[PDB]
Amino acid sequence: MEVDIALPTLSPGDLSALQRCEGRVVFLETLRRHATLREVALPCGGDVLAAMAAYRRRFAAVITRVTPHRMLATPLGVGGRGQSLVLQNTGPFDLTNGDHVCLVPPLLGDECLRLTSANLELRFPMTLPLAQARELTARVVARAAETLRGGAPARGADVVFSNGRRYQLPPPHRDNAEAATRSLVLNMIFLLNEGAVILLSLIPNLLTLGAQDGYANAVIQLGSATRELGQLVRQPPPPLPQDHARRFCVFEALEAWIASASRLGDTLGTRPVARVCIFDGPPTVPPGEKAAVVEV
Amino acid sequence: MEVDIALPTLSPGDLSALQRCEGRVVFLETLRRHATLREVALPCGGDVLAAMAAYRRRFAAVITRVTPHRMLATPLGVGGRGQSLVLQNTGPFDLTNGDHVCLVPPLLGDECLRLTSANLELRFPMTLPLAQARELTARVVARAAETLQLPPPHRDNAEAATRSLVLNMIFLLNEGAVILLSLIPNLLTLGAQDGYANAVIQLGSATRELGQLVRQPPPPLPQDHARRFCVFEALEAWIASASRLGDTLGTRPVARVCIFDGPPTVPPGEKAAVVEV
Amino acid sequence: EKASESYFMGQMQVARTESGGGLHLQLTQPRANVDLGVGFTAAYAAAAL
Amino acid sequence: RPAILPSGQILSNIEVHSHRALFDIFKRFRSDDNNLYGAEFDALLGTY
Amino acid sequence: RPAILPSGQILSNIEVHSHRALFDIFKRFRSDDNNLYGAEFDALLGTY
Amino acid sequence: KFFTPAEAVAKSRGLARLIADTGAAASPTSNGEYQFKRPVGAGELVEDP
Amino acid sequence: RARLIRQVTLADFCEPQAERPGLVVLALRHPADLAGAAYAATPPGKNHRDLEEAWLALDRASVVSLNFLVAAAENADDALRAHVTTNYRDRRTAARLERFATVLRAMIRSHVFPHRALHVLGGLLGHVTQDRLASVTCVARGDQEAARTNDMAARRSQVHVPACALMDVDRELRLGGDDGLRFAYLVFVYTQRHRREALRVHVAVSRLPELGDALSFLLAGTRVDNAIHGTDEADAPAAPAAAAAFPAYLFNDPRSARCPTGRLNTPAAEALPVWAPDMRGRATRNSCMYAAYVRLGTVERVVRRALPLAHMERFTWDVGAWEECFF
Amino acid sequence: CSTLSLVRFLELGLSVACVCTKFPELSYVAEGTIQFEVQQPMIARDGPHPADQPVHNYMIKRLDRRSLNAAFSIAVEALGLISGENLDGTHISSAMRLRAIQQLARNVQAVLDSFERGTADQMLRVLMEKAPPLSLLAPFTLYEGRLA
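Residue numbers (our numbering), protein chains in the order written: chain A, 1 to 296; chain B, 297 to 573; chain C, 574 to 622; chain D, 623 to 670; chain E, 671 to 718; chain F, 719 to 767; chain G, 768 to 1094; chain H, 1095 to 1242.
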């Protein structure tokens, strides 16, 4: 099921650069034994949310050996017995032995091949261990949020450790971090606020219970069996005749919120795509260096 | 492993109808190598919410061959992720190449290969793409929340769905979450100078109805606002929850569609290759 | 009695499915039977208890 | 639709109507049903 | 490490899991365990 | 089995049917430490007059 | 066939000559980032450097056998403690077990849970050891007995789990089911009461693909007494103000005070009602965390037979991701 | 050691109950049936009673179909020692290849045998289902032809 990519001959020098990316991943469109390089290309300055949503409607595939004529890829989704394969780690920090990798767009400052001879760009997504990625996304979003309200712009604690070494989390203005991430932070903060508002509208007296004996008791009763303190959700007031300009049906809003939250949760990765099973090598692979992996 | 489903003697009036069910999925309860047909069988349609809650407690199985004595099957996911098989679509929306599929109980009933000789009936679940199965679950659970082409709920299990939902929502409220809750007007004002910023906010947003009706004061500084920071923790918790909110109400996507040669979009009622996840 | 059942046997059918290093064979043979007597051709008696 | 040349002679001289439900399908009459005395078949007249 | 040749044959045809009281150690594997094959040994290598 | 008349809908077109059935009935109970509704799927041969 | 992992390491916690093959091993995170993330993760009121000290009191070493970890918890049968103590060759071992216990009890106190510190590898089969330096080798996918151990008495192996910790579920919950192919889950049990807390380990098998409600009912007492004593040491304010009651009567009011966007700084808009959602000291999610589990693989059979043990049957290694259990 | 005592079905006495026959294409066979022909006698009455014509009737019976099964699992070490995949050049490998092959033979001799005891049991299982209890049957054959 190995696909090859026609390569419109570029030049000397640049082809060496293309040879250097012998380990990254590329997102094909359909499983055909042929494809043109013009197809697997994305404007390397792009919106992170839309790219992360598009990563689902494609197939991952790693670039094996390349030649001036063509380059060979191997998809990861379909496969037989999950054969081994090599992978070039390209995240900001290393990844250990025996964990799961995830594919996220270049959330921080971006790197992108600029094949000036062929006049097209390429984006190669980062390769992160699972938990560290799920936390780095929250890190960047929370920094943007703290900036949003114009409060204290720095706290000296936007740092992430990984195997001892301290990482700095580069400043959030380098390529377009003030523009290619706005979409993500907006679409997340908004949904969070909406969920909170809907809940509080369904249970108006939640935040007026005992500071330590009422709220905990309500939560423990709700987690346990059917008491539910009656209709813990008080009957909301009756709506308007749906042409009055101020109609508000709470339940349809809850419906829309459920749908949007599910969709946003699915377009975030965090479902492992591979697992490092390195063997006969240094147990900890630094960034930029290849690492044996078996697809999940 | 190949689950073997045995068949009783059948009249030719329904054996030939069972032959046509070569690419649909059934739900066993235990994964023994052998199992009789009578075992794997669900009652006639009722309480799509209860049924959707039942698919979680059993692992699926798709059938491949139907002989005059024996009817094979394949346990969908227990140890494999690349056993490329074929299953036919039976949902209204045509599923295209690329996307995953999720099993959903049927609507309106009427899909029952009622076998008279054996005195039983089967209800094979329909197959929908993820994007629409999420929305269907949303609609049904919201309708269940309303009661404190469409069947009515039962008030005995709808409370369980409401309980799951309200728990997953309650645990979003954090002393960091209020900090985010404080910038609703600062968000609305941002959703005015630009176009995309306004685009991300919905129309019946259920928050614009609030930011223009209630003022909230500056948030109280939490205990030890120097050592730790709360917004980060609340956001990480919300990611962890929302990544698993869709499945907890419906069902995880069970397989993604891959086709090597045929036309991309496959219409209803036609078999299409697949790989499971 | 002398002939109460017509009884047919098929052919032994194996399924040599490999499973976890060692083969795990699975034997199977289908067989069919039918009565051929008008009127009953059997009766038990329930002697002891 | 009866067979022509039988296989074995049933020998028990038993009443048969009283044992109705001992088997699946059976029809009885008295004589000259004029249905027995009519041949019918379904032919396919060509393959291409 | 079972025995290599049996001395004399047994005669009774009786189930045995129910009479595990009479014996001292009793082990029943399902079918062709892969453990009764590996055979190691100690050795003494030369005396001076 | 005293108050359920649905067997009438399973209409009787022969007394020999009733005779041959008692002696071939399926056991409706289990083999547990109590008497429970038996899962109809398995099926067990029991007689009752 | 199956594929393996080799990780050279120190003979600290898993000691591959002391145990025979066929027992699950775990990978331990680098402790530096745990100690760091504590600084921001321990809740208000509690200590914020006690994990630093607890770690410093135990002085790379990377793996830890489950046979070793189960001993350093609340639940354990003292026979296994005696085995680990008198059967491990290593110096100073009992002291180290004590320190490790203190480490894990500090981990739960600082709200950096050990399930975020121990990824699980397969069952070890081979090892070559220098003086206090080993290189264990464990399976990672496929079934265990596809491997080939250099014992030459038993080439293949099985999977051994201390029967003291193996908690069955179906026969426990009385599903009335019939044993076929069952999953296998390694579960952790937290309990949170300041300076009086512990951790319980188990290995659970069942046909249940989704634990969830099953553990929520299994560990009912733990969740109950954890939700109420968990918020302790957090200063909650006095009785909540009536302004905290989020007003709902005002949504579909045709006549009510209103304010369009673009005039929200300090205009003549003071007529809007005030509402101060005030949440300071209530039960957060990390406060109600009581258990965490992760899928291990599929199993045919479990038999008990000897120190008590529990031999698996046709274990197929398929490791999954971690899971929270708080609701 | 113990020796397994084989049993052959046709040597029992139960074989007088059924007409066994080979049929190597039973797996391809859908519903199959058999037909019965029978015509009753008649006596010519006189007086007020009306004469009667002979009666004929036809009938068919459908087959019943079942199956058997038995597992025969064998190990991986013996599998690799039989083929030669895990053999050795020694005087100790063959000493265990013999063991593995003789154990495999002792195993297949027990599995393949079980399909004789199997049919011996299935014959009883099917006979016992047809049989109506004698008590319910002796008086029934004394009112025959009168159940009008």
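Note that beta-carbon positions come from the ideal geometry of N, C-alpha and C, so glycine has one too.
Residue i to residue j span [Cα, whole Å]
| i | j | result |
| --- | --- | --- |
| G/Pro1027 | G/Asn814 | 47 Å |
| D/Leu644 | C/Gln586 | 33 Å |
| G/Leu942 | F/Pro757 | 14 Å |
| F/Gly741 | H/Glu1125 | 26 Å |
| G/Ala1038 | G/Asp1020 | 15 Å |
| G/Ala920 | H/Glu1179 | 18 Å |
| F/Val727 | F/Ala744 | 19 Å |
| B/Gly376 | B/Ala568 | 19 Å |
| F/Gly750 | A/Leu206 | 49 Å |
| G/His894 | G/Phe950 | 28 Å |
| H/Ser1161 | H/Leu1206 | 15 Å |
| G/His886 | A/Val141 | 27 Å |
| G/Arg856 | G/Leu864 | 14 Å |
| H/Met1153 | C/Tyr580 | 20 Å |
| A/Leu49 | B/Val496 | 12 Å |
| G/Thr904 | A/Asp4 | 36 Å |
First and last residue of the uninterrupted alpha helix (DSSP H) at residue i
| i | result |
| --- | --- |
| G/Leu795 | Counting along the chain, G/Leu795 falls outside any alpha helix (DSSP H), though it belongs to the beta strand (DSSP E) covering 791-795. |
| B/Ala434 | 426-442 |
| B/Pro481 | 480-489 |
| G/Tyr957 | Segment 949-958 is the beta strand (DSSP E) holding G/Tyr957; no alpha helix (DSSP H) there. |
| H/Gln1216 | 1188-1224 |
| G/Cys1055 | 1052-1055 |
| B/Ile555 | Here B/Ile555 belongs to no alpha helix (DSSP H), and DSSP marks it neither H nor E. |
| B/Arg504 | 504-507 |
Partners in chain F for residue i, counting only beta-carbon separations shorter than 8 Å
| i | result |
| --- | --- |
| B/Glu566 | Ordered by position in chain F, no residue passes the 8 Å Cβ test against B/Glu566, which lies about 33 Å from the chain. |
Residue i classed as buried or exposed, judged by whether at least 16 other C-beta atoms fall within 10 angstroms
| i | result |
| --- | --- |
| G/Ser973 | buried |
| B/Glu505 | buried |
| C/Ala615 | buried |
| H/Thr1115 | exposed |
| G/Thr852 | exposed |
| H/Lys1155 | buried |
Residue closest to residue i, alpha-carbon to alpha-carbon, out of the options
| i | options | result |
| --- | --- | --- |
| A/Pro171 | A/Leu240, A/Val159, A/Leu186, A/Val104 | A/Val159 |
| A/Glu2 | A/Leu76, A/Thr67, A/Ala216, A/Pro272 | A/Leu76 |
| H/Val1110 | H/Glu1223, H/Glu1238, H/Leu1218 | H/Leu1218 |
| G/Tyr952 | G/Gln774, G/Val903, G/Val791, G/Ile772 | G/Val791 |
| A/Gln221 | B/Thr360, B/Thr423, B/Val462 | B/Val462 |
Chain-ordered chain A contacts of residue i [CB-CB under 8 Å]
| i | result |
| --- | --- |
| G/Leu888 | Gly98 |
Boundaries (first-last residue) of the beta strand (DSSP E) holding residue i
| i | result |
| --- | --- |
| C/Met582 | 578-582 |
| A/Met71 | 70-75 |
| G/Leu933 | 933-935 |
| A/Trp257 | Where A/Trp257 is concerned, there is no enclosing beta strand (DSSP E), although the alpha helix (DSSP H) it sits in stretches over 250-266. |
| C/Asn606 | 599-608 |
Under 7 Å from the C-beta of residue i: neighbouring residues of chain H
| i | result |
| --- | --- |
| F/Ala742 | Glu1223 |
Under 9 Å from the C-beta of residue i: neighbouring residues of chain F
| i | result |
| --- | --- |
| D/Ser640 | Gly732, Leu733, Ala734 |
Proximal chain B residues relative to residue i, where beta-carbon distance stays under 9 Å
| i | result |
| --- | --- |
| C/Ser592 | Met297 |
Where residue i meets chain H, residues with beta-carbon distance less than 8 Å
| i | result |
| --- | --- |
| residue 559 of chain C | Any question about residue 559 of chain C goes unanswered here, given that chain C covers just 574 to 622. |
Interface partners of residue i on chain H, CB under 9 Å
| i | result |
| --- | --- |
| B/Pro308 | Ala1124, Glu1125 |
Under 7 Å from the C-beta of residue i: neighbouring residues of chain F
| i | result |
| --- | --- |
| H/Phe1234 | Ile737 |
| B/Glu325 | Result: empty, since nearest Cβ-Cβ is about 10 Å, beyond 7 Å. |
Chain-ordered neighbours of residue i on chain A, where CB pairs are closer than 7 Å
| i | result |
| --- | --- |
| G/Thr998 | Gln212, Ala216 |
Interface partners of residue i on chain C, CB under 8 Å
| i | result |
| --- | --- |
| D/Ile626 | The contacting residues do not exist; D/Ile626 stays about 20 Å from chain C at best. |
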